[PDB]
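Structural description and commentary
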2 protein chains.
Amino acid sequence: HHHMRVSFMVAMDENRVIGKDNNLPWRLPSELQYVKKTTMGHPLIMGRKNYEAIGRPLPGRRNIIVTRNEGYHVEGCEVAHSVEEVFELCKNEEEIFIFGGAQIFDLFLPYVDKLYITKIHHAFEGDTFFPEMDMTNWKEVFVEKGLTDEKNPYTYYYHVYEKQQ
Amino acid sequence: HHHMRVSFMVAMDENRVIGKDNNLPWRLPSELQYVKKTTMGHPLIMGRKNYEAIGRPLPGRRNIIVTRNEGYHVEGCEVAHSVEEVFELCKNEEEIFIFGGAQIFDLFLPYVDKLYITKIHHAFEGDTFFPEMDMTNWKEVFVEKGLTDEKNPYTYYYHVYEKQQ
Ligand SMILES: NC(=O)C1=CN([C@@H]2O[C@H](COP(=O)(O)OP(=O)(O)OC[C@H]3O[C@@H](n4cnc5c(N)ncnc54)[C@H](OP(=O)(O)O)[C@@H]3O)[C@@H](O)[C@H]2O)C=CC1
Ligand SMILES: NC(=O)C1=CN([C@@H]2O[C@H](COP(=O)(O)OP(=O)(O)OC[C@H]3O[C@@H](n4cnc5c(N)ncnc54)[C@H](OP(=O)(O)O)[C@@H]3O)[C@@H](O)[C@H]2O)C=CC1
Ligand SMILES: COc1cc([C@@H](O)C#Cc2c(C)nc(N)nc2N)cc(OC)c1OC
Ligand SMILES: COc1cc([C@@H](O)C#Cc2c(C)nc(N)nc2N)cc(OC)c1OC
């Protein structure tokens, strides 16, 4: 029914952790630069909690915030209240990026076409997790080692998976 | 249609620069010795401008120069004038290396199977760039840190990517 490509953009550790105390458990500027390059010129779909943690509209992209709050407004951002409203706002979009967090990943899980997942080889303490996924019917179309140095202190890989018809 | 493996051999910076004033923007003997090791015993496909910058046939490899000039000749080198002519000269080769520069990288881009790309972590001034590449259906099959020392003054990594069928 929807015409835009629904993509997931996420980074997670060995146990699927994505967050701790409403922020990122790791600081990886190189990973963030890859995120910015990939998502540039495409809508970002983020949960209300996810947005407030970031604190600011991310440049060069349509920021769409998902909340049940019927009176929620933020300057320089669009607000949706359901999967369908998001699909309406993004009717004509080429590809959208579901950007998190867990509640929003859950919401859009039945609709994912493509998965951009960074895997981080470390066991972080966390409270927020990326939902399990049946990877049957999925093909890995890209993999590469991320940059490890003084500023990026963990081992990590970029993966991209596409669903088959 | 063709049976030889078409490989790219290239070194570029953070902004895809490969050249400046018909020359290399950096001097990396260690990177050059990896190039010689990998390409040895395999044909080199070079654009006319790339060849003349080098100035001499590179030993142990078939040097094949790509030009539109029908009366162009160089001692100890073969001269092709098109993608297909290169394919004819290399019909029986196991693996050929597209060696640059930009115009020749463009020419053979639709045919690349394997990419040997050195990434140099520095922002050089340059005029010649390595073409953008959709890496969908490519996988990194090798990565390693290059040697940094007094003789090799930059941070750089060797990457190898293979196309998937
Ligand atoms: N490492 C990574 O790749 C990522 C990690 N994160 C991390 O995840 C955490 C945030 O994720 P999480 O706590 O799951 O929160 P979310 O980002 O999923 O936001 C939760 C909010 O989304 C709204 N919401 C949820 N379901 C619906 C619905 N069905 N209809 C309308 N609105 C809905 C609600 O807003 P409301 O209460 O206003 O009604 C809810 O409070 C942070 O720690 C963050 O750092 C986030 C993104 C990526
Ligand atoms: N960093 C790296 O990995 C590398 C860097 N380089 C750098 O790049 C620069 C050279 O690149 P660039 O300027 O693009 O030159 P090229 O090496 O790509 O050579 C261009 C020439 O190739 C010939 N040519 C182009 N298209 C065709 C075609 N379709 N059919 C037949 N012949 C064709 C033409 O020759 P003609 O005019 O004679 O007809 C043209 O002038 C230099 O600065 C060099 O140092 C080069 C290789 C690698
Ligand atoms: C709390 O602070 C942030 C939280 C997020 C989060 O929304 C995310 C993510 C995110 C990350 C990190 N990586 C990948 N591969 N996909 C994602 N979707 C982003 C940020 O910068 C942009 C943040 O500022 C520092
Ligand atoms: C004008 O000076 C040169 C220019 C080139 C260029 O053709 C190249 C390259 C090249 C390099 C450096 N690295 C990688 N990974 N791939 C390449 N294709 C080579 C040279 O030595 C052989 C040069 O002499 C010093």
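Header annotation of the entry names X-ray crystallography as the structure determination method and lists the resolution as 2.57 Å.

**Section: the pattern of salt bridges**
Applying the stated criterion across every chain, the model contains 14 salt bridges over all chains. For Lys91 of chain B, the salt bridge identified is with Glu88 of chain B, shortest N-O distance 2.7 Å. Residue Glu88 of chain B is classed as partly exposed on the basis of its relative accessible area of 46%. Sharing partners across several salt bridges, the network here consists of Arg5, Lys114 and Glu162 of chain A.

**Brief notes about the UniProt feature "binding site: NADP(+)" (unreviewed entry) in chain A**
All names here are of chain A. In the UniProt entry, the feature "binding site: NADP(+)" (unreviewed entry) is given for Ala11, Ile18, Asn23, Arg48, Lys49, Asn50, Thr67, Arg68, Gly101, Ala102, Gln103 and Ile104. In terms of the greatest pairwise C-alpha distance, the residues named above, spread along 94 residues, do not form a single cluster, extending to 25.4 Å across. For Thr67, the location among the structural elements is in the loop between β4 (63–66) and β5 (78–80). Take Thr67: its relative accessible area is 10%, and that puts it in the buried class. Those residues in contact with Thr67, other than ones at most four positions away along the chain, are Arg48, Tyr72, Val79, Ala80 and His81. Within the structure, the side chain of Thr67 is placed 2.9 Å from the backbone nitrogen of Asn69, a separation counted as a polar contact. Examined against the element boundaries, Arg68 turns out to sit in the loop between β4 and β5. The exposure class assigned to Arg68 is exposed, which follows from its relative accessible area of 76%.

**Some points on the site of ligand 3**
All names here are of chain A. Taken together, 13 residues are adjacent to ligand 3, and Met9, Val10, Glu31, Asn50 and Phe99 come closest. Contact distances for ligand 3 include 2.7 Å between a nitrogen atom and a backbone N or O atom of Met9. Contact between ligand 3 and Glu31: a nitrogen atom at 2.8 Å from a side-chain N or O atom of the residue. Calculation on ligand 3 without its partners gives an accessible area of 570 Å², and the protein chains cover 82% of this total. Secondary structure elements with two or more residues in the shell around ligand 3: β1 (5–13), α1 (29–39) and α2 (48–54).

**What to know about the pairing of strand β10 (residues 156–163) of chain A**
All names here are of chain A. Of all eight residues that make up β10, six are buried, and the element is covered over most of its length. Pairing analysis gives seven bridges linking strand β7 (residues 114–120) to β10, with the strands arranged antiparallel. Bridge pairing in β10 places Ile117 opposite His159.

**Quick look at the site of ligand 4**
Residues and elements named next belong to chain B. What surrounds ligand 4 is a group of 13 residues, the closest being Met9, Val10, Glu31, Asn50 and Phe99. Between a nitrogen atom of ligand 4 and a main-chain N or O atom of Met9, the distance comes to 2.8 Å. Protein contacts shield 81% of the accessible area of ligand 4, which totals 570 Å² for the unbound molecule. For the shell around ligand 4, a count of residues per class yields nine nonpolar, three polar and one charged.

**Some points on the packing of aromatic side chains**
A full pass over the atoms with the stated rule returns 20 aromatic pairs over all chains. Here the aromatic rings of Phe8 of chain A and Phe130 of chain A are separated by 6.0 Å at their centres, their planes lie at 75°, and the arrangement is edge-to-face. Of this pair, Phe8 of chain A sits in strand β1 while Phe130 of chain A sits in the loop between β8 (128–129) and β9 (138–145); the two residues are 122 residues apart in sequence, bridging distant segments of the chain. Of the two residues examined, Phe8 of chain A and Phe130 of chain A, each falls in the buried class. Ring centres of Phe87 of chain B and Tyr111 of chain B lie 5.4 Å apart, and the angle between their planes is 90°; on these two criteria the pair is classed as edge-to-face. Here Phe87 of chain B is found in helix α3 (residues 83–89), whereas its partner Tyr111 of chain B is found in the loop between α4 (102–108) and β7 (114–120), with 24 residues between them in sequence.

**So, the side chain of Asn63 of chain A**
Residues and elements named next belong to chain A. Among the structural elements, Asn63 can be located in strand β4. Since its relative accessible area comes to 3%, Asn63 is described here as buried. Among residues more than four places away in sequence, those in contact with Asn63 are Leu44, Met46, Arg56, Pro57, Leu58, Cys77 and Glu78.

Definitions and limits used
Residues numbered from 1 in each chain as written, not as in the entry; some residues may be left out. Chains lettered and ligands numbered in written order. Heavy atoms only, no water. Salt bridge = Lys/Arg side-chain N within 4 Å of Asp/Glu carboxyl O. Buried < 20%, exposed > 50% of the residue type's maximum accessible area, 1.4 Å probe, protein only. UniProt positions renumbered as here; feature names shortened; annotations may be inferred. Helix = DSSP H or I, 4+ residues; strand = E, 2+ residues; numbered from the N terminus. Contact = heavy atoms within 4.5 Å. Polar contact = N/O pair within 3.5 Å; in protein donor to acceptor, adjacent residues only side chain to side chain. Near = heavy atom within 4 Å. Areas by Shrake-Rupley, 256 points an atom, 1.4 Å probe, with all protein chains shown as cover. Pairing = 2+ DSSP bridges. Nonpolar A, V, L, I, M, F, W, Y, C, P; charged D, E, K, R; others polar. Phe/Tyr/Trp six-rings, centres within 6.5 Å; stacked < 30°, edge-to-face > 60°.

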